[PDB]
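Take a look at the letters that make up each chain.
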Amino acid sequence: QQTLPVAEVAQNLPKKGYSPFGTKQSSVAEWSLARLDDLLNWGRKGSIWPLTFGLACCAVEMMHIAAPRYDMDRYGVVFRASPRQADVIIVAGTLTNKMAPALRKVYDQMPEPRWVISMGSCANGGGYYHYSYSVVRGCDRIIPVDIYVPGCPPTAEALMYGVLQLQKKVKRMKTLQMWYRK
Amino acid sequence: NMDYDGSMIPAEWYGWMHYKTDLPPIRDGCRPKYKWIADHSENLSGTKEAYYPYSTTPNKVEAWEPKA
Amino acid sequence: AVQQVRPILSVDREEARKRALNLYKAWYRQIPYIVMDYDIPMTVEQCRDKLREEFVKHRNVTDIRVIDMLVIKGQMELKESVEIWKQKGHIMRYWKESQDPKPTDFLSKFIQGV
Amino acid sequence: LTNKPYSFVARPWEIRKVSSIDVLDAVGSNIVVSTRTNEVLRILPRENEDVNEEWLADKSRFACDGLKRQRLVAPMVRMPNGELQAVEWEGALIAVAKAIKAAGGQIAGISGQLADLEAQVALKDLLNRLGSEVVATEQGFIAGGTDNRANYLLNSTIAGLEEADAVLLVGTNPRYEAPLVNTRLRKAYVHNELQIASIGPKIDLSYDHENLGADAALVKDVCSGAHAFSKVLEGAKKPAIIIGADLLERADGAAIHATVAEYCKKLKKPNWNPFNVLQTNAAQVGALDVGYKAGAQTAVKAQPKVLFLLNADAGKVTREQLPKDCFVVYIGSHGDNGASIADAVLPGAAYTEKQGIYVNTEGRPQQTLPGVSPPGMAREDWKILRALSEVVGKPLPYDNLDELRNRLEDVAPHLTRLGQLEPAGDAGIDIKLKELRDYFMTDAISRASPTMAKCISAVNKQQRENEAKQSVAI
Amino acid sequence: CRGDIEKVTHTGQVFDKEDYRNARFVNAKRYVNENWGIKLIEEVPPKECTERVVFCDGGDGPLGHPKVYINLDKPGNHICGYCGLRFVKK
Amino acid sequence: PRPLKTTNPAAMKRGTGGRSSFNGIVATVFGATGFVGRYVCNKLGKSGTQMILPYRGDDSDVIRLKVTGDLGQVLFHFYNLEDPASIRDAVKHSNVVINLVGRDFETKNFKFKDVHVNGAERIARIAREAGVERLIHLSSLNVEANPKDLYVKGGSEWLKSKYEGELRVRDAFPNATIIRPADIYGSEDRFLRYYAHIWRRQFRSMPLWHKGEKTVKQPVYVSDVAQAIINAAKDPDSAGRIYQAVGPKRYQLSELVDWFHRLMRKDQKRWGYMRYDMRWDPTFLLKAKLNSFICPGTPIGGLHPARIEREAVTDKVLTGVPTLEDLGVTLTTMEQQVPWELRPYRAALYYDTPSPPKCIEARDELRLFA
Amino acid sequence: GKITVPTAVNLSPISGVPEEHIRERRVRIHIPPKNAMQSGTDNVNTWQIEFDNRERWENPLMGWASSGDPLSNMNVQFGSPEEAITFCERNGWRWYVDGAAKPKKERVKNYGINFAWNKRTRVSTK
Ligand SMILES: NC(=O)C1=CN([C@@H]2O[C@H](COP(=O)(O)OP(=O)(O)OC[C@H]3O[C@@H](n4cnc5c(N)ncnc54)[C@H](OP(=O)(O)O)[C@@H]3O)[C@@H](O)[C@H]2O)C=CC1
Ligand code: SF4
Ligand SMILES: [Zn+2]
């Protein structure tokens, strides 16, 4: 790892700023595309709409970020039932062999950009039914997954930590800078 | 600023912030403070310095080298 | 070498063959509805060839209860094919898609380790 | 007391137990192999009252460390530079096929110390289909003993040797050649009033015995009746005479095999065959069952252009006896010796990595089972020989192991009844193994093991320690 | 150059330069613990005792290893098989 | 006798042949986010091949390729084509490098010479300096030293660029396999989607060069060329051999386009399907030039003039140069696969099976070109 | 309402076994070996069938052992060899028996032979 910086060292460090790219771009067109990508990523991270895809027990914790203690609504996060209106699909439960074409069709009808959160050990790696005859060995064999939330029923702080990690990934998305360098 | 997360809390204040104990490390002396205790690190996943697994045992079957 | 059992869905081999012909007739009538109602790459003639191949795979059986078991499972798969409960991936599981054809010669199995 | 090679390695519930046989000694002892996650952990005795009786020799047990060191993982072809290089399977097979076509029917093949029965059958079928009528074995035997089985069998049962009354050892040390036979003789020593005489040098049998001498012709005195032990042998209820295979390899050989056989025809009891031979090689009895011409000199004197070898590390054949150009193909698992002189070092699977038959010294066929996968790209030896026959152009008719067992029924009906012994009829001085450090490194797997080297180092350290403490008092 | 790839672990394992499995570390750090147990158990001094048999608990009672008794009649350092602490009799 | 490189017994071929097995190949598919890259990535991941997969743009365009392989068999690496150190970091632990880097239109940062000529030569020389055993590079079928224009002026720069890039690849990497596809059809392609788009048509009528009768094309499926790439990577007798990647039967463009419109249910009389000559219509070329101008990224439908000159150039096979049937792949016929591709592209039926197209033999092609 | 059938059936089509596993797998019918470091025998009296070992390889990513054989971990218990023969012929498996059980080993254990006169069975320790 790295040691987290001591406050004597960290007082000499300057402020990071909001932009992961920095304001030190050379060209004015590159700087304008950087700020446009910053505004676009702020709009995308300011409201991600996850889809009501609750397969198994993990989803009982998924409603617990809907719950008044954790309150996902002040993070841009609000559930949508239709897959067209939703940004994120949260695979929260056990993907089985009869569940595989349904999950693939629901993911394919979702419009791009598409970030996928694997909630729980049945969602990533198979988990407690990994050696079962009718359980897919994780959802990574079917749906491409950006965030993997570890706990068997993830606490709801850990699922919301996965949500904040997805927001940091969305804030780190480089589209217009790649277009300028394509 | 704006890059904070839930893993910036070190190990000694983690139980104080999560209501396990009501004793801060400035008053509690039960903490070990040993020599080999590594400093705290945030979740480094998604960056160019994250952890990637590997086999930890060495090679079991030793081949035969025509030389020697 | 002879035991008395309770018959399942048949009492003689001619009756069991007749009900297997009923199953083949209903499958043959349900082929062009399967090609029409599913988004599969296989055509009607390929579906009929696959139906003939799956019947001549089970041509070898002789026992009345075994062939009635096969007829019962075939009618259940057919009832899962008339009412659309199977998907496009379940229909295309008869053709072994996404599978490399394993060689039969000893040399290619010796090189590949099989 | 704990297994020190198996120190802290695994746990009993973690172990997959596979039933097989051991090929290091002559007993053909039933073992259970501890395989967990493609690794040989340890070797434990398996219960059979006829063969091993829940015991195991040290060479049989502590040879599991030799399955990791000096293994063959890639096919190696000798380059024109002068050193072997790792070559893919198709190139090695067509190189051996090109050398076979350049030889033009002047080929020969020698069986191994640890070779499988099915590998020997595949080698014999490949050589007979290619116009070669000569096959060989590392350990020699008498002339004309192949025709009758009782010439080369321990005809008295290992389970029956505990009922012996007077046994004579003709130039062998059974506690270092096949120690479970010595456990049976020790049980018959303590339970029955047994008198044992040994002809040869001074050896310790872990029980008392009368040493008649190292002279050869004294055994003729045992066949004369004038010797004192001959009266004990004729007066015994269940007598026996055991002859080592190294004494049968010498130039007198068949003569010493003949006379005592006549003595056995002078002393026989119903349901008891007193003639006994103890041959250290596990592959020797199976090779002489399927019709191998015993002796490496039979393949040396034939002057082969391509000399096939199975898992043979005895070193009885070298480059000096071979001609100027000789494509030596070594199909083995370890290759400490016999692979440095080879031109096409083909890999192979060990006895814990393949399924095959081995016939022990009493003539009882047994089947080993594959515990772990072979390392690298090593294959089974009969599969290698069948693929080589398909590359050459005269393929063997069997494709899998079942038709190979059917051809085994075609050549010998008693080579497939595994675990069942068919008794044969009538049969018609220096010891190389006399110390423990000689006993430790006889085979290739025991030579590659570091445990046997550690044992010889510890025994030699105790020997110099005792010699220094004895010589400091002088 | 990166020095975290060729560094050996306490189990004696390192990926050599001809291995294909070092391509997984071109974007991620190879995690090697710098606190080896061998040096950290060789650093502590042995404990001198006068009685013939001693007991090792490894620390606190319910928080340590199960209690073992070591006989110190043989000269030398006797190592506890649980914690690795060495005892010696004068 | 082909020698082994490293003889590491944790690096040889093992397993039956699924995802969890390993076939001893470490692939580095350059430009794997493209159309051929998806199919070759799935074909490599279904056999057990670890892929390094260098990507140039965003992570969201390449994160869909993690489902092709098993755990640890798919890596990702950020690179630029002008940066040589990132390519050397990408290929330093590989033995098979597959080069799919290409672009059908000129870009403001990368020209045709900067992609096909300079970039492929740079990748080939970096792979040669990095000890890569085998390289697979893709070209066009009708590459010539001096290819002439047929309809559009300034055309055939793509064919000349691919020929010069192929020559620089064989000058840099000597044992480089050159597969030459003619025109690759399939899903999300630039052939069936380009003939399937609204922007290609002009008032329910498709312009074609000499009404599509003069040009004869032999298109190939993307799974066939992916299997050809894998069969060239596994079998080591394909070192430095040019493989003509063409389909089973020759077709002319008019019968192909009429068969496509029969598949999309455009053959009904209320739709008003009409095939007419392209050389009489300068408005279509003006529309294509304006579409290449105003689009910031890729043009819509791929209606750049390079695609126009590519559809103008007929597919010519070379005698004595091997075809994919020498690589041991059974080529899929057109009539089995194409109705499945054009099934979602069918029009709505008006309120008021299609015939298969006629193949063109050698003597009929010689009569047509006389 | 009963019919006449042969008592030997083949249930390999109606089961889920594919052709690549029913055509080339050998079933070993055996008594499992007693652990030689234990003196108990309660796990020995049950016969069982097992399948032949297949290729197990090192994982490319981690050090785990991977196998494509689905039947490596399936041992089926039986009370007699003949019922296992009937099961193997009913399910269409290709069978073989590793070995029959030992019928009887007649042994005598006398305490008086440890201390005997003019006998070689006298012990030296205690
Ligand atoms: N019709 C066809 O498909 C035919 C194709 N070919 C050849 O086949 C090959 C593959 O074609 P195909 O996949 O269909 O085409 P694509 O354009 O769809 O794919 C090209 C790939 O290369 C990448 N790429 C493009 N330009 C650059 C650059 N400057 N630097 C780095 N990477 C770059 C693209 O990345 P990104 O995701 O950013 O776009 C994409 O992954 C090409 O060499 C082409 O010339 C030949 C004849 C016919
Ligand atoms: S990962 Fe754990 S909590 Fe989540 S669905 Fe599976 S068993 Fe339930
Ligand atoms: Zn302790």
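Residues numbered from 1 in each chain as written, not as in the entry; some residues may be left out. Chains lettered and ligands numbered in written order. Part of a larger assembly, values for the part shown. Heavy atoms only, no water. Residues with missing side-chain atoms left out of burial classes, pairs and counts.

In terms of determination method and resolution, the entry is listed under cryo-EM at 3.3 Å.

Explain the overall build of chain C here, please?
For chain C, the count of helices and strands is 5 helices and 1 strand. When the backbone C-alpha atoms are referred to their principal axes, chain C occupies close to 50 × 45 × 20 Å. For chain C, with 114 residues in total, the buried portion stands at 32%. Excluding contacts between residues fewer than 6 apart, the proportion of contacts in chain C whose partners are at least 24 apart in sequence is 66%. As displayed, chain C has an accessible area near 7,600 Å², and 53% of this comes from carbon and sulfur atoms. Looking at chain C, you have 21 positive and 17 negative side-chain charges, and the mean spots of the two groups are 4 Å apart. (Helix = DSSP H or I, 4+ residues; strand = E, 2+ residues; numbered from the N terminus. Buried < 20%, exposed > 50% of the residue type's maximum accessible area, 1.4 Å probe, protein only. Contact = heavy atoms within 4.5 Å. Areas by Shrake-Rupley, 256 points an atom, 1.4 Å probe, with all protein chains shown as cover. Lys, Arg positive; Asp, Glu negative; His and termini not counted. Charge placed at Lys NZ, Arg CZ, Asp CG, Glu CD.)

I would appreciate a short explanation of the interface of chain G and chain C in the present structure.
Bring the parts together and some accessible area is lost; that lost area is often taken as the interface size. Counting residues at the interface gives 13 residues for chain G and 15 residues for chain C. Summed over both sides, the interface of chain G with chain C buries roughly 1,400 Å², with 61% coming from carbon and sulfur. Three residues stand out in chain G for area buried against chain C, namely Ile3, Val5 and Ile14 of chain G, and they jointly supply 47% of the buried area on that side. Inspection of the chain G/chain C interface yields 0 salt bridges. Where chain G packs against chain C, one counts 4 residue pairs in polar contact. Looking at the side of chain G that touches chain C, its residues break down into 8 nonpolar, 4 polar and 1 charged. As paired strands, strand β1 (residues 2-5) of chain C and strand β1 (residues 3-6) of chain G are joined by 4 bridges and run antiparallel to one another. Residue pairing across strands places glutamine 3 of chain C opposite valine 5 of chain G, the latter belonging to β1 of chain G. (Buried area = accessible area lost by both parts, 1.4 Å probe. Salt bridge = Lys/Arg side-chain N within 4 Å of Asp/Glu carboxyl O. Polar contact = N/O pair within 3.5 Å; in protein donor to acceptor, adjacent residues only side chain to side chain. Nonpolar A, V, L, I, M, F, W, Y, C, P; charged D, E, K, R; others polar. Pairing = 2+ DSSP bridges.)

Where do I start with the site of ligand 2 in this structure?
Surrounding ligand 2, one finds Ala56, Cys57, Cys58, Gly93, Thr94, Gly120, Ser121, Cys122, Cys152 and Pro153 of chain A. Looking at side-chain class alone, the shell around ligand 2 contains 6 nonpolar, 4 polar and no charged residues. (Near = heavy atom within 4 Å.)

Would you explain the coordination of the zinc ion (ligand 3) in this entry?
In an ideal octahedron of six donors the angles at the metal are 90 or 180 degrees, and in an ideal tetrahedron of four donors they are 109.5 degrees. For the zinc ion (ligand 3), the protein coordination sphere consists of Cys56 of chain E (SG), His65 of chain E (NE2), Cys80 of chain E (SG) and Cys83 of chain E (SG), at 2.0 to 2.3 Å. Classification of the site at the zinc ion (ligand 3) as tetrahedral follows from its 4 donor atoms and the range of 93 to 126° in their angles at the metal. (Donors = N, O, S within 2.8 Å, 3.2 Å for Na, K, Ca; no water. Tetrahedral: all angles 85-135°; square planar, octahedral: opposite > 155°, others 65-115°.)

I'm lost on the sheet that holds strand β4 (residues 78-79) of chain E in this one. Help?
Two modes of strand pairing occur in sheets, parallel and antiparallel, and in both the strands are linked by backbone hydrogen bonds. Strand order in the open sheet made by the 3 strands is β1-β5-β4 (chain E), with mixed pairing throughout. Of all the strands in the sheet, the pair left with one neighbour each is β1 (47-49) and β4 of chain E.

Honestly, the packing of helix α1 (residues 13-37) of chain C against helix α2 (residues 44-57) of chain C in this entry has me stumped. Any pointers?
For any two helices packed against each other, the geometry is given by the interaxial angle and the distance between the axes. All names here are of chain C. Relative to each other, α1 and α2 sit at 155°, their axes nearing to 9 Å. Taken together, the axis directions place α1 and α2 in an arrangement best described as roughly antiparallel. At the point where α1 passes α2, the crossing takes the right-handed sense. Contacts between α1 and α2 involve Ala20, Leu23, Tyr24, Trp27, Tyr28, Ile31, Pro32 and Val35 from the former and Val44, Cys47, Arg48, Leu51, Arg52 and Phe55 from the latter. Along the lines of polarity and charge, the residues of the contact of α1 with α2 split into 12 nonpolar, no polar and 2 charged. (Axes fitted to C-alpha atoms, helices over the stretch in contact; angles between N-to-C directions. Parallel < 35°, antiparallel > 145°, perpendicular 65-115°, else oblique. Left-handed = near helix turned anticlockwise from the far one by under 90°.)

Teacher, can you tell me more about the sheet that holds strand β4 (residues 76-78) of chain D here?
Residues and elements named next belong to chain D. Spatially, β5-β4-β15-β14-β13-β6-β7 is the arrangement adopted by the 7 strands of the open sheet, whose pairing is mixed. The sheet is open, and its two borders are formed by β5 (84-86) and β7 (135-136), each paired with just one other strand. Relative to strand β6 (residues 108-110), helix α3 (residues 117-129) is tilted by about 170°, and along the sheet it contacts β6, β7 and β13 (306-309).

What am I meant to see in the site of ligand 1 here?
What surrounds ligand 1 is a group of 23 residues, the closest being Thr33, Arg56, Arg103, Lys162 and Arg190 of chain F. Residue neighbours of ligand 1 fall on chains A and F, so the site bridges chains. At a separation of 3.0 Å, an oxygen atom of ligand 1 approaches a polar backbone atom of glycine 31 of chain F. Contact distances for ligand 1 include 2.5 Å between an oxygen atom and a side-chain N or O atom of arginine 103 of chain F.

In this structure, what is going on with unusual backbone geometry? I would like to understand it.
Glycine aside, residues mostly have negative phi, and peptide bonds are mostly found in the trans state. Cis geometry marks the peptide bond from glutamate 112 of chain A to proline 113 of chain A, where omega comes out at 10°. The phi dihedral of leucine 53 of chain F falls on the positive side, at around 55°, and the residue is not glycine. With respect to the helices, strands and loops of the structure, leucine 53 of chain F is situated in the loop between β2 (50-51) and β3 (54-55).

What is the right way to look at the UniProt feature "binding site: Zn(2+)" (unreviewed entry) in chain E in this model?
Residue and element names in this part refer to chain E. Taken from the UniProt record, the annotation "binding site: Zn(2+)" (unreviewed entry) applies to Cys56, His65, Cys80 and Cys83. A compact arrangement is adopted by the annotated residues: their sequence extent is 28 residues, whereas the largest C-alpha distance between any two is 10.6 Å. With respect to the helices, strands and loops of the structure, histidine 65 is situated in the loop between β2 (53-56) and β3 (68-71). In contact with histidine 65, other than residues within four places in its own chain, are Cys56, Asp57, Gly58, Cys80, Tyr82 and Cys83. The residue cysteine 83 is located in the loop between β4 and β5 (86-89) in this model. (UniProt positions renumbered as here; feature names shortened; annotations may be inferred.)

Explain the interface of chain G and chain D to me, please; I cannot follow it from the model alone.
Taken residue by residue, the interface counts 25 residues in chain G and 30 residues in chain D. Buried area between chain G and chain D, both sides added, is near 2,400 Å², and the carbon and sulfur share of it is 41%. At the boundary of chain G with chain D, the tally comes to 5 salt bridges. For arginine 107 of chain G, the salt bridge identified is with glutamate 53 of chain D, shortest N-O distance 3.7 Å. Inspection of the region where chain G meets chain D yields 12 residue pairs in polar contact. Breaking the side of chain G that touches chain D down by element, the ones donating at least two residues are β2 (26-30), β4 (56-58) and β7 (94-97) of chain G. Classifying every residue of the side of chain G that touches chain D gives 6 nonpolar, 6 polar and 13 charged.

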